[PDB]
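Let me begin by presenting the structure, written as structure tokens, before commenting on it.
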Amino acid sequence: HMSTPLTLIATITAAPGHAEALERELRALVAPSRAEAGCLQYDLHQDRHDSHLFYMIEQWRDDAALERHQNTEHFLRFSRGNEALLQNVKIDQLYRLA
């Protein structure tokens with residue numbers, strides 16, 4: 001860790017047939033998350049070859065900023081009711097080397 005922001009990459013895999021529903025739900029996260037204190041990056045992407053695979057690339061000033069993100073309304077709304085849309089969520093935590 002450090003003065004270096006925390007980078008998070010979330011690889012989210014939709015259940016077969018549910019890519020469009022999951023994209024709708026993930027897109028809702030972006031604007032409010034980008035506005036949050038300490039949010040240095042919050043970008044949504046879709047895999048080039050499998051429509052069911054999405055990637056959120058996030059940078060947070062520190063752990064406290066990330067912890068606050070998970071208590072937000074938008075973040076908890078994503079949690080509320082979407083579990084059947086999901087096959088897998090991988091969360092990678094990482095720091096830039098400079």
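Scheme for the structure tokens: letters A, B, ... for chains in order shown; per-chain residue numbers from 1; ligand numbers from 1 in order shown.
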TODO: Select from chain A everything DSSP, run on the backbone, classes as strand (DSSP E or B), then give the selection as an MDAnalysis selection string.
DONE: chainID A and resid 6:14 39:46 53:60 86:95
With only C-alpha atoms as the counted atoms, please give the residues lying no more than 10 Å from residue A:96, apart from itself and same-chain residues fewer than 2 positions off, as a PDB file with N, CA and C atoms, in the first residue's frame.
```pdb
ATOM      1  N   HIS A   1       0.729  -1.239   0.000  1.00  0.00           N
ATOM      2  CA  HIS A   1       0.000   0.000   0.000  1.00  0.00           C
ATOM      3  C   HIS A   1       0.793   1.347   0.000  1.00  0.00           C
ATOM      4  N   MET A   2       0.199   2.475   0.425  1.00  0.00           N
ATOM      5  CA  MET A   2       0.884   3.793   0.579  1.00  0.00           C
ATOM      6  C   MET A   2       0.031   5.059   0.413  1.00  0.00           C
ATOM      7  N   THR A   4      -0.133   5.733  -2.462  1.00  0.00           N
ATOM      8  CA  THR A   4      -0.620   5.249  -3.747  1.00  0.00           C
ATOM      9  C   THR A   4      -2.083   4.889  -3.573  1.00  0.00           C
ATOM     10  N   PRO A   5      -2.939   5.352  -4.497  1.00  0.00           N
ATOM     11  CA  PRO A   5      -4.314   4.849  -4.421  1.00  0.00           C
ATOM     12  C   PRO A   5      -4.425   3.310  -4.494  1.00  0.00           C
ATOM     13  N   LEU A   6      -5.476   2.791  -3.876  1.00  0.00           N
ATOM     14  CA  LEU A   6      -5.885   1.405  -4.020  1.00  0.00           C
ATOM     15  C   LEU A   6      -6.604   1.212  -5.358  1.00  0.00           C
ATOM     16  N   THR A   7      -6.085   0.354  -6.210  1.00  0.00           N
ATOM     17  CA  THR A   7      -6.798  -0.014  -7.429  1.00  0.00           C
ATOM     18  C   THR A   7      -7.588  -1.295  -7.132  1.00  0.00           C
ATOM     19  N   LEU A  94      -5.059  -4.023  -5.723  1.00  0.00           N
ATOM     20  CA  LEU A  94      -3.734  -3.862  -6.223  1.00  0.00           C
ATOM     21  C   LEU A  94      -3.252  -2.441  -6.129  1.00  0.00           C
ATOM     22  N   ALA A  98       5.583   2.565  -9.266  1.00  0.00           N
ATOM     23  CA  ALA A  98       6.022   3.805  -9.907  1.00  0.00           C
ATOM     24  C   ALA A  98       7.521   3.968  -9.778  1.00  0.00           C
TER      25      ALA A  98
END
```
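Of note, atom CA of residue A:58 and atom CA of residue A:71 are spaced 16.3 Å apart.
Residues in contact range of residue A:76, defined as at most 12 Å between only C-alpha atoms, with sequence neighbours fewer than 6 positions away removed, read residues 25, 28, 29, 33, 68, 69, 70 and 82 of chain A.
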Residues from last step as file, N, CA, C and O atoms, as a PDB file, in the first residue's frame:
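Generated file (part-v5.pdb):
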```
ATOM      1  N   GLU A  25     -27.837  -2.966 -14.643  1.00  0.00           N
ATOM      2  CA  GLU A  25     -27.624  -2.787 -13.226  1.00  0.00           C
ATOM      3  C   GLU A  25     -26.261  -2.181 -12.912  1.00  0.00           C
ATOM      4  O   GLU A  25     -26.171  -1.282 -12.054  1.00  0.00           O
ATOM      5  N   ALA A  28     -25.748   1.643 -13.632  1.00  0.00           N
ATOM      6  CA  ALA A  28     -26.392   2.498 -12.632  1.00  0.00           C
ATOM      7  C   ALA A  28     -25.404   2.897 -11.577  1.00  0.00           C
ATOM      8  O   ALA A  28     -25.593   3.949 -10.895  1.00  0.00           O
ATOM      9  N   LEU A  29     -24.389   2.059 -11.395  1.00  0.00           N
ATOM     10  CA  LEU A  29     -23.364   2.345 -10.357  1.00  0.00           C
ATOM     11  C   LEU A  29     -22.421   3.505 -10.689  1.00  0.00           C
ATOM     12  O   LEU A  29     -21.803   4.111  -9.784  1.00  0.00           O
ATOM     13  N   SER A  33     -21.018   6.617  -8.232  1.00  0.00           N
ATOM     14  CA  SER A  33     -19.729   6.197  -7.661  1.00  0.00           C
ATOM     15  C   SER A  33     -18.607   7.177  -8.003  1.00  0.00           C
ATOM     16  O   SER A  33     -17.766   7.506  -7.156  1.00  0.00           O
ATOM     17  N   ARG A  68     -16.554   3.515   2.771  1.00  0.00           N
ATOM     18  CA  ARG A  68     -17.706   4.403   2.573  1.00  0.00           C
ATOM     19  C   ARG A  68     -18.533   4.064   1.292  1.00  0.00           C
ATOM     20  O   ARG A  68     -19.758   4.047   1.293  1.00  0.00           O
ATOM     21  N   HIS A  69     -17.865   3.810   0.183  1.00  0.00           N
ATOM     22  CA  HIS A  69     -18.547   3.375  -1.034  1.00  0.00           C
ATOM     23  C   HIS A  69     -19.552   2.233  -0.811  1.00  0.00           C
ATOM     24  O   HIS A  69     -20.676   2.261  -1.327  1.00  0.00           O
ATOM     25  N   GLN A  70     -19.200   1.279   0.034  1.00  0.00           N
ATOM     26  CA  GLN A  70     -20.092   0.123   0.255  1.00  0.00           C
ATOM     27  C   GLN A  70     -21.275   0.362   1.175  1.00  0.00           C
ATOM     28  O   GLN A  70     -22.202  -0.494   1.300  1.00  0.00           O
ATOM     29  N   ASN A  82     -30.147  -8.654  -7.034  1.00  0.00           N
ATOM     30  CA  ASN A  82     -29.483  -9.097  -8.268  1.00  0.00           C
ATOM     31  C   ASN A  82     -28.710 -10.429  -8.201  1.00  0.00           C
ATOM     32  O   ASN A  82     -28.142 -10.842  -9.179  1.00  0.00           O
TER      33      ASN A  82
END
```
Restrict the calculation to only C-alpha atoms, then for each residue of stretch 53-78 of chain A with any atom at most 12 Å from an atom of stretch 42-48 of chain A give the closest atom pair and their distance in Å to one decimal, rows by chain and rising residue number, as JSON lines.
```
{"residue": "A:53", "atom": "CA", "partner": "A:47", "partner_atom": "CA", "distance": 5.4}
{"residue": "A:54", "atom": "CA", "partner": "A:46", "partner_atom": "CA", "distance": 4.4}
{"residue": "A:55", "atom": "CA", "partner": "A:45", "partner_atom": "CA", "distance": 5.1}
{"residue": "A:56", "atom": "CA", "partner": "A:44", "partner_atom": "CA", "distance": 4.7}
{"residue": "A:57", "atom": "CA", "partner": "A:43", "partner_atom": "CA", "distance": 5.3}
{"residue": "A:58", "atom": "CA", "partner": "A:42", "partner_atom": "CA", "distance": 4.4}
{"residue": "A:59", "atom": "CA", "partner": "A:42", "partner_atom": "CA", "distance": 6.7}
{"residue": "A:60", "atom": "CA", "partner": "A:42", "partner_atom": "CA", "distance": 8.8}
{"residue": "A:66", "atom": "CA", "partner": "A:42", "partner_atom": "CA", "distance": 11.5}
{"residue": "A:69", "atom": "CA", "partner": "A:42", "partner_atom": "CA", "distance": 11.3}
```
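The spacing separating atom CA of residue A:20 from atom CA of residue A:41 amounts to 23.5 Å.
A straight line drawn from atom CA of residue A:12 to atom CA of residue A:97 is 25.1 Å long.
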- [ ] DSSP on the backbone, then: every residue of chain A marked helix (DSSP H, G or I), written as number ranges by chain.
- [x] A: 19-35, 63-69, 73-79, 83-85
Open item on the list: If we count only C-alpha atoms and set the cut-off at 8 Å, which residues sit around residue A:91, ignoring sequence neighbours fewer than 6 positions away in its own chain? Please answer as a list in words.
Closed with: residues 8, 9, 10 and 11 of chain A
Write the residues of the selection above to a file with N, CA and C atoms, as a compact mmCIF listing (two decimals), in the first residue's frame.
```
# COMPACT_ATOMS: atom_id res chain seq x y z
N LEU A 8 -8.82 -1.35 -7.62
CA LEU A 8 -9.67 -2.54 -7.50
C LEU A 8 -10.11 -2.88 -8.89
N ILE A 9 -10.05 -4.16 -9.26
CA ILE A 9 -10.64 -4.62 -10.51
C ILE A 9 -11.65 -5.69 -10.10
N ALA A 10 -12.91 -5.46 -10.46
CA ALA A 10 -13.99 -6.37 -10.15
C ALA A 10 -14.34 -7.01 -11.48
N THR A 11 -14.21 -8.33 -11.58
CA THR A 11 -14.60 -9.07 -12.78
C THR A 11 -15.92 -9.76 -12.43
```
Neighbouring residues of residue A:17 were defined as those with any atom within 12 Å, considering only C-alpha atoms; residues of the same chain fewer than 4 positions away were excluded. Please report them as a PDB file with N, CA and C atoms, in the first residue's frame.
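Result file result-v9.pdb:
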```pdb
ATOM      1  N   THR A  13     -19.326 -11.773 -13.757  1.00  0.00           N
ATOM      2  CA  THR A  13     -19.809 -12.697 -14.813  1.00  0.00           C
ATOM      3  C   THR A  13     -21.297 -12.886 -14.603  1.00  0.00           C
ATOM      4  N   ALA A  21     -29.350  -7.633 -18.567  1.00  0.00           N
ATOM      5  CA  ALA A  21     -29.907  -7.232 -17.285  1.00  0.00           C
ATOM      6  C   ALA A  21     -28.771  -6.795 -16.356  1.00  0.00           C
ATOM      7  N   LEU A  22     -27.708  -7.568 -16.330  1.00  0.00           N
ATOM      8  CA  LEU A  22     -26.568  -7.199 -15.485  1.00  0.00           C
ATOM      9  C   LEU A  22     -25.875  -5.855 -15.898  1.00  0.00           C
ATOM     10  N   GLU A  23     -25.681  -5.634 -17.189  1.00  0.00           N
ATOM     11  CA  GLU A  23     -25.150  -4.383 -17.716  1.00  0.00           C
ATOM     12  C   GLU A  23     -26.001  -3.195 -17.274  1.00  0.00           C
ATOM     13  N   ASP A  50     -16.818 -12.293 -24.670  1.00  0.00           N
ATOM     14  CA  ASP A  50     -17.915 -12.934 -23.944  1.00  0.00           C
ATOM     15  C   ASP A  50     -18.762 -11.820 -23.356  1.00  0.00           C
ATOM     16  N   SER A  51     -19.998 -11.680 -23.846  1.00  0.00           N
ATOM     17  CA  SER A  51     -20.892 -10.598 -23.426  1.00  0.00           C
ATOM     18  C   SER A  51     -21.268 -10.666 -21.927  1.00  0.00           C
ATOM     19  N   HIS A  52     -21.147 -11.846 -21.325  1.00  0.00           N
ATOM     20  CA  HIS A  52     -21.444 -12.048 -19.909  1.00  0.00           C
ATOM     21  C   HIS A  52     -20.401 -11.552 -18.929  1.00  0.00           C
ATOM     22  N   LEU A  53     -19.258 -11.085 -19.434  1.00  0.00           N
ATOM     23  CA  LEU A  53     -18.121 -10.663 -18.589  1.00  0.00           C
ATOM     24  C   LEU A  53     -17.941  -9.163 -18.639  1.00  0.00           C
ATOM     25  N   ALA A  84     -29.391 -13.546  -8.418  1.00  0.00           N
ATOM     26  CA  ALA A  84     -29.690 -14.539  -9.461  1.00  0.00           C
ATOM     27  C   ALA A  84     -29.143 -14.163 -10.840  1.00  0.00           C
ATOM     28  N   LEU A  85     -28.771 -12.902 -11.023  1.00  0.00           N
ATOM     29  CA  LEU A  85     -28.155 -12.423 -12.278  1.00  0.00           C
ATOM     30  C   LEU A  85     -26.668 -12.780 -12.374  1.00  0.00           C
ATOM     31  N   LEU A  86     -26.060 -13.228 -11.276  1.00  0.00           N
ATOM     32  CA  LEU A  86     -24.621 -13.360 -11.152  1.00  0.00           C
ATOM     33  C   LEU A  86     -24.210 -14.819 -11.142  1.00  0.00           C
ATOM     34  N   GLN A  87     -23.105 -15.122 -11.804  1.00  0.00           N
ATOM     35  CA  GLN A  87     -22.475 -16.400 -11.767  1.00  0.00           C
ATOM     36  C   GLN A  87     -21.189 -16.305 -10.907  1.00  0.00           C
TER      37      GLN A  87
END
```
Open item on the list: Which residue is closest to residue A:64? Choose from A:18, A:81, A:39, A:34 and count only C-alpha atoms.
Closed with: A:39
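Remark: for residue A:14, the closest of the candidate residues A:88, A:31, A:73, A:38 is A:88 (distances computed over only C-alpha atoms).
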